Amino acid sequence: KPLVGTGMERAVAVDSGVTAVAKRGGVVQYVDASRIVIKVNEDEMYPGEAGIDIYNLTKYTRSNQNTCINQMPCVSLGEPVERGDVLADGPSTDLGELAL
Amino acid sequence: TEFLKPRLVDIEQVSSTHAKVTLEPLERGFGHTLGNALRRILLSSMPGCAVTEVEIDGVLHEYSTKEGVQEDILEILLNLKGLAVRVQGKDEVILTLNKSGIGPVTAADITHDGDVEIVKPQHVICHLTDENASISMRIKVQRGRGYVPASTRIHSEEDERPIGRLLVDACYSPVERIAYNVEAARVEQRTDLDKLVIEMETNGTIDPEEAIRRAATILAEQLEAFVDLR
Amino acid sequence: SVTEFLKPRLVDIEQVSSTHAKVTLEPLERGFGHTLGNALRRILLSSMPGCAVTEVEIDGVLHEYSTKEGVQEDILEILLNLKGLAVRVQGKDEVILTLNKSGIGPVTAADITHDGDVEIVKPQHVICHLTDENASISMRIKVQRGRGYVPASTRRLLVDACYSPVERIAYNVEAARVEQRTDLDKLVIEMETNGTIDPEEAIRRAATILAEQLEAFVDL
Amino acid sequence: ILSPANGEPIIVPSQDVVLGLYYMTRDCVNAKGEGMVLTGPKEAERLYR
Amino acid sequence: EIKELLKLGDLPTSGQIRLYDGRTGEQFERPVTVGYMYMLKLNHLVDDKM
């Protein structure tokens, strides 16, 4: 992260596509180095067979300038997350902050 | 003329890491000379021990992700760069590691090889997050003197490898920072004598007494090359 | 192979004058140029044993800002000439010398009375000039053992004292090569003494001083 | 050394050397060792070190 | 406000610290400015040009 930054890097790092954002709020149920499985809160379940969510993070692969796009988890196991919050730090991000 | 010689007084240690060592008798000018000379020699070249090669069961190449493990393999290598290991009688030791269960794999979980001891047993490596998770690796700790990157050793081998090895560049320097001061010494009927205070922070591997004696041994060898001039 | 290092295999001692010298050393470990250069530089400046002149008194004048007839120089000029008077002294600690001459011409260094063990190294050093045959100069000067360089402000006329027999040292660190290693230091000492000693011996005396400083830590 | 467009040296010392030489050769009316006396330039160097 | 935040820590107000020298061990005479600046690395790498 940068020490001296304007109050803007969170909206830039979220509103782009390089990070993964939880669509519904709930409890972290499984985190590997590759993927994140989230149990959904029961208030946010439409009543027909909602269940869980699965995010498959993108691993080491090619970008157009031959740099290495990467994703990593930033939540711990059994931790609560909320709708609209970050889960996967992409490239040059840090906890939902743009960090070049 | 008829000048004094230093001695070695009061090795205080504030913590496990950092000490300050005091040299009580000094002449007028020699405080800064010995302070800067020992600061340079201790920062540059000391015997250290660090991790060179890592082999993990079930990982072909680095840039992969073992299942169950929270970090990548790359972050496990960047964690094992920072491992404080004192080797007492050898030059290369193959430590092992085996762990299962949910929890952090801590460096205390290394199978105790005996003569090798671990300075800091609270250092984290990875975090296993599953019942059916099991990390099992073989770590190579080697003794060296400077700073050697990966590719120099890569083209120094040139002959063969198996695939599962990962090379990790070493960091053979046990000290981290050194600051010295020169203060007014107190020897009877005399006011123009000085005193060194050397404050050094290491990684916990090496005793400060041995450090100062070995630095003075190196400087003595260089000036023994000087004295016999032509 | 941890403990051993590269020890130097030197090239030359190129000397220009009988008191000018240049010494080269190669190769040294990467970063051992400046430690040895700084150590020898700071020892040869700040602390050497040497004999120099501390005080002078003129029989005619007992004040600094004054004058005397017959002298094309001044009292200030003749004190600056008496700083650079280079003398070696045998086992005494300090001793007075007297100077006395009448006549016209350059009063030089060999004019001074011999006084036994006291030996002047430069008998052609020009002290003052007398222009009148009636004018005659006579003075008292004190040589004294000392340990470096002392200004007059921390100090019968007070003279600056230059005990240290060096006059110039400057060191350089430049690239040198062992065929597979990339960068090793190469050290160049350049040095001027005053003439009380040849320049080669001053280096080995300073190195002897620093090894005897480390004597209480070499022991393993 | 001289330029073909006009007879002026093209080896003018640039910005950083200018700052160094300008900082060396100045004066200030009260400092260490003011008003003493010297033998050569090399004794002035030995006083600076 | 930068002055007061530097006053909350034990740092000097002027933003200038005495700095020593690695080679000689002497002192740099005037105080210099030290701080933490955030820097980038651009992709004009030398092993795409030589």
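Residues numbered from 1 in each chain as written, not as in the entry; some residues may be left out. Chains lettered and ligands numbered in written order. Part of a larger assembly, values for the part shown. Heavy atoms only, no water.

By the method listed in its record, cryo-EM, this PDB entry was determined to a resolution of 3.7 Å.

**Considering the overall build of chain C**
Helix and strand content of chain C: 3 helices and 14 strands. For 220 residues, the compact-globule estimate of 2.2 N^0.38 gives 17 Å, and the C-alpha radius of gyration of chain C, at 22 Å, exceeds that figure by more than 25%. Here chain C holds 220 residues, and the buried ones make up 45% of them. Entry remark: accessible area of chain C is about 11300 Å², with carbon and sulfur atoms responsible for 47%. For chain C, the separation between the mean place of its 24 positive charges and that of its 35 negative charges on side chains is 4 Å. (Helix = DSSP H or I, 4+ residues; strand = E, 2+ residues; numbered from the N terminus. Rg over C-alpha atoms; globule rule 2.2 N^0.38 Å. Buried < 20%, exposed > 50% of the residue type's maximum accessible area, 1.4 Å probe, protein only. Areas by Shrake-Rupley, 256 points an atom, 1.4 Å probe, with all protein chains shown as cover. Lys, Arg positive; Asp, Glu negative; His and termini not counted. Charge placed at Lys NZ, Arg CZ, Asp CG, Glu CD.)

**Regarding the overall build of chain D**
If you tally the helices and strands in chain D, you get 2 helices and 0 strands. The dimensions of chain D, computed from C-alpha atoms along their principal axes, are 50 × 20 × 15 Å. Counting the 49 residues in chain D, one finds 4% classified as buried. Per element, the accessible surface of chain D, about 4600 Å² overall, is 62% carbon and sulfur. Across chain D, the 5 positively charged side chains and the 6 negatively charged ones have centroids separated by 9 Å.

**Regarding the environment of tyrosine 55 of chain A**
Residue and element names in this part refer to chain A. Within the secondary structure, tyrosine 55 is located in strand β4 (residues 52–56). Its relative accessible area of 11% is what places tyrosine 55 among the buried residues. For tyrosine 55 and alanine 88, which are 33 residues apart along the polypeptide, the C-alpha to C-alpha distance reads 9.2 Å. With residues up to four places along the chain from it excluded, the contact list for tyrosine 55 reads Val21, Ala22, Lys23, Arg35, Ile36, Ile38 and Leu87. From its side chain, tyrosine 55 meets the backbone nitrogen of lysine 23 in a polar contact 3.0 Å long. (Contact = heavy atoms within 4.5 Å. Polar contact = N/O pair within 3.5 Å; in protein donor to acceptor, adjacent residues only side chain to side chain.)

**Focus: the packing of aromatic side chains**
The tally for this structure, following the rule as stated, stands at 2 aromatic pairs over all chains. Between the aromatic rings of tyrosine 60 of chain A and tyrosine 63 of chain B, the centroid separation amounts to 5.7 Å while the plane-to-plane angle is 85°, which identifies the pairing as edge-to-face. Taken as a pair, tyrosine 60 of chain A in the loop between β4 and β5 (61–62) and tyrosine 63 of chain B in the loop between β3 (48–56) and α2 (73–80) lie in two separate chains rather than in one. Ring plane angle 55° and centroid distance 6.1 Å describe the contact between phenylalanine 5 of chain C and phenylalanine 32 of chain C, whose orientation is recorded as tilted. Here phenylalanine 5 of chain C is found in the segment before β1 (13–14), whereas its partner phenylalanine 32 of chain C is found in the loop between β2 (20–28) and α1 (33–46), with 27 residues between them in sequence. The exposure classification of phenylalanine 5 of chain C matches that of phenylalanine 32 of chain C, with both residues buried. In this arrangement the basic side chain of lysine 59 of chain A is found over the ring face of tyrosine 60 of chain A, its NZ or CZ atom lying 6.0 Å from the centre. The residue whose ring lies beneath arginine 46 of chain D is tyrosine 149 of chain C, and the NZ or CZ to ring-centre distance is 5.4 Å. (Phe/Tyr/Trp six-rings, centres within 6.5 Å; stacked < 30°, edge-to-face > 60°. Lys NZ or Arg CZ within 6 Å of the ring centre and 35° of its normal.)

**As for the interface of chain C and chain D**
Taken together, the contacts link 12 residues of chain C with 10 residues of chain D. When the buried surface of chain C facing chain D is broken down by residue, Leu80, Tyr149 and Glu167 of chain C rank first, second and third, together holding 38% of it. Run the count over chain C and chain D and you get 3 salt bridges. Between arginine 168 of chain C and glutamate 45 of chain D there is a salt bridge; the shortest N-O distance is 2.6 Å. In this structure, the connection of chain C to chain D is made through 5 residue pairs in polar contact. Mapped by element, the contributors of at least two residues to the side of chain C that touches chain D are α1, α2 (75–83) and β13 (166–176) of chain C. (Buried area = accessible area lost by both parts, 1.4 Å probe. Salt bridge = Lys/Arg side-chain N within 4 Å of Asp/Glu carboxyl O.)

**Digging into the interface of chain B and chain C**
Listed by partner, the interface residues are 40 residues for chain B and 39 residues for chain C. For the pair chain B and chain C, the summed buried surface comes to about 4000 Å²; carbon and sulfur atoms form 68% of the total. Contact with chain C buries area across many residues of chain B, yet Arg145, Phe226 and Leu229 of chain B alone supply 18% of it, more than any other trio. Put simply, the parts of the chain that give the side of chain B that touches chain C at least two residues each are α1 (30–44), β9 (134–144) and α4 (208–227) of chain B. If one sorts the elements of the side of chain B that touches chain C by residue count, α4 of chain B sits on top with 13 residues. Partitioned by chemical class, the residues of the side of chain B that touches chain C number 20 nonpolar, 10 polar and 10 charged. (Nonpolar A, V, L, I, M, F, W, Y, C, P; charged D, E, K, R; others polar.)

**Points about the nonpolar core**
Counting residues in hydrophobic clusters, the biggest one holds 52 residues, and the most contacted among them are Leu196, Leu219 and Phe226 of chain B together with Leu36 and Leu44 of chain C. If sequence neighbours within four positions are ignored, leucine 196 of chain B has contacts with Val21, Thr22, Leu23, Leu26, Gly31, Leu34, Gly35, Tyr180, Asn181 and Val182 of chain B. Ranked by size, the runner-up nonpolar core spans 30 residues in total, among them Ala107, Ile110, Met137 and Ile139 of chain B. (Core = buried A, V, L, I, M, F, W, Y, C linked by side-chain atoms within 4.5 Å.)

**Details of a nonpolar patch on the surface**
Taken together, the side chains of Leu11, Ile17, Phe28, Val32 and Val34 of chain E make up a nonpolar region of the molecular surface, amounting to roughly 370 Å² of accessible area. As for its placement among the helices and strands, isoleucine 17 of chain E is situated in strand β1 (residues 16–17). (Patch = residues over 30% accessible without salt bridge, like charges linked within 9 Å, V, L, I, M, F, W, Y side chains within 5 Å.)

**Concerning the pattern of salt bridges**
Residues and elements named next belong to chain B. According to the stated counting rule, one finds 27 salt bridges over all chains in the structure shown. A salt bridge links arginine 138 to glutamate 55, with the nearest nitrogen and oxygen atoms 3.5 Å apart. Here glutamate 55 lies in strand β3 and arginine 138 lies in strand β9, a separation of 83 residues in the sequence. The salt bridge partner of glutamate 210 is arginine 214, with a shortest N-O separation of 2.5 Å. Placement of the pair is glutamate 210 and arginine 214 together in helix α4, with a separation of 4 residues, close to one helical turn. Judged by relative accessible area, which is 32%, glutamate 210 ranks as partly exposed. Overall, the relative accessible area of 27% leaves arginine 214 in the partly exposed class.

**A word on the packing of α1 of chain C against helix α3 (residues 199–218) of chain C**
Describing two packed helices takes the angle between their axes plus the distance from one axis to the other. All names here are of chain C. For the pair α1 and α3, interaxial distance at closest approach is 10 Å and the crossing angle is 100°. By the angle class used here, α1 and α3 are roughly perpendicular. Note on element contacts: α3 touches α1 through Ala202, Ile203, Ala206 and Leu210, opposite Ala39, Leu40, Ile43 and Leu44. When grouped by side-chain class, the residues that make up the contact of α1 with α3 number 8 nonpolar, no polar and no charged. (Axes fitted to C-alpha atoms, helices over the stretch in contact; angles between N-to-C directions. Parallel < 35°, antiparallel > 145°, perpendicular 65-115°, else oblique.)

**Some points on the sheet that holds β9 of chain B**
Residues and elements named next belong to chain B. What the 4 strands build is an open sheet, ordered β5-β9-β3-β10; its pairing is antiparallel. The two strands at the open ends of the sheet, each matched to only one other strand, are β5 (92–100) and β10 (165–167). With direction set aside, neighbouring strand axes in the sheet form an average angle of 30°. In this sheet, β9 lies alongside β5 in antiparallel orientation, the contact comprising 9 bridges. Across the sheet, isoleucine 94 pairs through a bridge with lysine 140, a residue of β9. (Pairing = 2+ DSSP bridges.)

**What to know about the side chain of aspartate 53 of chain A**
All names here are of chain A. Here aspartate 53 shows up in strand β4. What makes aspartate 53 buried here is its relative accessible area of 9%. A distance of 2.7 Å separates polar atoms of two side chains, one belonging to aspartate 53 and the other to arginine 24. The contacts of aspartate 53, once residues within four sequence positions are left out, are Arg24, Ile36, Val37, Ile38 and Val40.

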